[PDB]
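Here's the structure we're looking at; comments come further down.
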2 protein chains.
Amino acid sequence: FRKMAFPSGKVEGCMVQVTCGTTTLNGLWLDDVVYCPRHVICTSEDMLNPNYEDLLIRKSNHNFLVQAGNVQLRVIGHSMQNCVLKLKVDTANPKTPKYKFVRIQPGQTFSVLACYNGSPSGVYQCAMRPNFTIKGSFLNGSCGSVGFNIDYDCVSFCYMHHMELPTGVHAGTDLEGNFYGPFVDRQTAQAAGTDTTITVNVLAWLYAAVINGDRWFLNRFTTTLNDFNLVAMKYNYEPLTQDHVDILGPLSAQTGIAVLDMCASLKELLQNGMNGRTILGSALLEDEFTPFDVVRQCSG
Amino acid sequence: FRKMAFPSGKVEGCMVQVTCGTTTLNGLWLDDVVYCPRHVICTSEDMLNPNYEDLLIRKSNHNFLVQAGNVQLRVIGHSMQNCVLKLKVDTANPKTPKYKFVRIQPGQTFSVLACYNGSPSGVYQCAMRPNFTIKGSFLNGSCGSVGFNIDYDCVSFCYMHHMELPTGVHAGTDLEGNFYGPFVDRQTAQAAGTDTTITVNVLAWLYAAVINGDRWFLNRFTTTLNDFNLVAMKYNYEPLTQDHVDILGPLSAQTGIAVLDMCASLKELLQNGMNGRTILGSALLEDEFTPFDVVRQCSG
Ligand SMILES: *[C@H](O)[C@H](C[C@@H]1CCNC1=O)NC(=O)[C@H](CC(C)C)NC(=O)OCc1ccccc1
Ligand SMILES: *[C@H](O)[C@H](C[C@@H]1CCNC1=O)NC(=O)[C@H](CC(C)C)NC(=O)OCc1ccccc1
């Protein structure tokens, strides 16, 4: 059972290089609009305490160098929407896929196409942590790299990368420029909340495990929703609602294991640990597979 | 530190659907040639003990239904090269990337574009095990899905998926149709050798860990190449040669840690275990990152 990313093809043909002064980073070219982090306009000094309006006013269209591979793009318009810069260009992207912009909830997953100088380097699947960070692989220049889900032919862009934190975790925005979490595009010490495990994702993965013939963690015991949540809250697991239980229904019915019997299996792993054993070749409990990711991988 | 796959775009535009009788699977459309597993010609009954020459002789070009998205392709020629079928078609693939065919060594890594009915569903990074299997996510119809590395603009195709084994691991061929390992495209119980850990990959990942600020596993001790190998062979680790040490040189010089000091760190993890601790958020020792994968991710 592999952590699979979406095919990156449709997104690869939207990645452009954006330079403003010294600073270079990645932009997303959809229709006649390039989207990038607004901090492209900042010098290393500005990043400490920037007035973005004031900094942006000193910039004209011709200050923005947007390159797609070997072709230069002329900017005919620029605006700031929250923490993203929208550069209007002359040429609509011929490779623009059917797309929308979505703001995802904590615990949902997406594919990141990690880019450097408008050029894709690699793809991976990650989860939006309950504390609105991501544990990712982002070097300097990776900024403007985007997160996406693909439904049929439609790319849903959910994330654009802005910054790494002292923790080494990553913060960024939706494609409207609203940060996930309490974070600002400013170089100051910024605390992410205490992170919690995505309980509904872990259960989904225990169902994935059953389906793939790993059943050892299954026990005789059962439990209640309340009695479980009091174990969850102890072990910094996100509490389980009836919505979470209803979302797991397909997997419960597929394997013939009631959600609350699986919950009881989990308690004994949380209380007793793993005992040196593994589940789908993993010594830890995996929470970066949604119930939807598990069903889509198990049915293809 | 994420397990990153290559961007799949260039490979996505080469995936076609191939049907012969009832059996449907994926093909790779490069120039005027489609490549697929030869077992596309087998009925469920034939797969038990097939005479491929005899089965192929009963088939003519017009028996092979090759579809690319919504466009049908006429076959003007068919041949068997080892375990792959080469279908010559009228139309050269317009989306054919610069490509070559390579046979990789055990312990090397590649990206798999998992496909169903000629349509890409997802991408992941895996290693060719020392026993020439891969631990992958392949449902029925996934056959013909390909493994690849990307150097600059050049796709190097190394693997095509043929079969799952009783173990639940996966076997397949190079693009010339030669199986990795002792496996045959036949539905019989087939034993993979005892698998070993890719020692040079694990060391590369301990260097990745140091670079990313996780240094706890580092010890005062050192060791010798022989004294280490006698611990390696005990713990089913592939023995370490001077070639392996020379390949780790860049990472040794980058972090200022001699290979043999890292080897000594590893012994104490093999002998004492992990102690409930983690390294780059993993409770096990990771062997699916090559020294090349580590340097490319750490320099972008
Ligand atoms: C944008 O390219 C860059 C991405 C960083 C670089 C290291 N890892 C990343 O994810 N982001 C920034 O330069 C960003 C700028 C602020 C105005 C938001 N600051 C940032 O990431 O925090 C400082 C930092 C720099 C280098 C390593 C770790 C943290
Ligand atoms: C090709 O589409 C298919 C891929 C298998 C199906 C389950 N997981 C896979 O990787 N391969 C076969 O059907 C193959 C045919 C032989 C002639 C090589 N046999 C195979 O994979 O072994 C039997 C098997 C079937 C279903 C589940 C597990 C093993």
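FYI, residue positions are counted from 1 along the chain as it appears here.
Backbone N, Cα and C define each Cβ position, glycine as well.
Taken from Swiss-Prot, the feature ubiquitin cross-link covers B:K3, B:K88, and the record attributes it to experimental evidence. The feature active site, for 3CL-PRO activity is assigned by Swiss-Prot to B:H39, with sequence analysis given as support. Marked as active site, nucleophile by Swiss-Prot on the basis of experimental evidence: B:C143.
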Around the residue listed as 'active site, nucleophile', how many other C-beta atoms are within 10 angstroms of its C-beta?
26
Within reach of chain A, those recorded positions of B:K3, B:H39, B:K88, B:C143, CB-CB under 8 Å:
B:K3
Determine the recorded positions, out of B:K3, B:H39, B:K88, B:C143, lying near ligand 2 in the sense that the CB is under 6 Å from one of its atoms, and give them in sequence order.
B:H39, B:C143
Going by Cα-Cα distance, pick out whichever of the recorded positions B:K3, B:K88, B:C143 is nearest to the residue listed as 'active site, for 3CL-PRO activity'.
B:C143
Reduced DSSP assignment, B:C143 (active site, nucleophile)
coil
Work through the recorded positions one by one (B:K3, B:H39, B:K88) and point out the residue whose CB has the fewest other CB atoms within 10 angstroms.
B:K88
Look up B:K88 (ubiquitin cross-link) in the DSSP assignment and report helix, strand or coil.
strand
Measuring Cα to Cα, how many angstrom lie between B:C143 (active site, nucleophile) and B:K88 (ubiquitin cross-link)?
20
Students should find that the Cα atoms of B:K3 (ubiquitin cross-link) and B:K88 (ubiquitin cross-link) sit apart, in Å rounded to an integer, by 36
Which of the three DSSP-derived classes (helix, strand, coil) applies to B:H39 (active site, for 3CL-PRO activity)?
helix
DSSP three-state assignment for B:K3 (ubiquitin cross-link)
coil
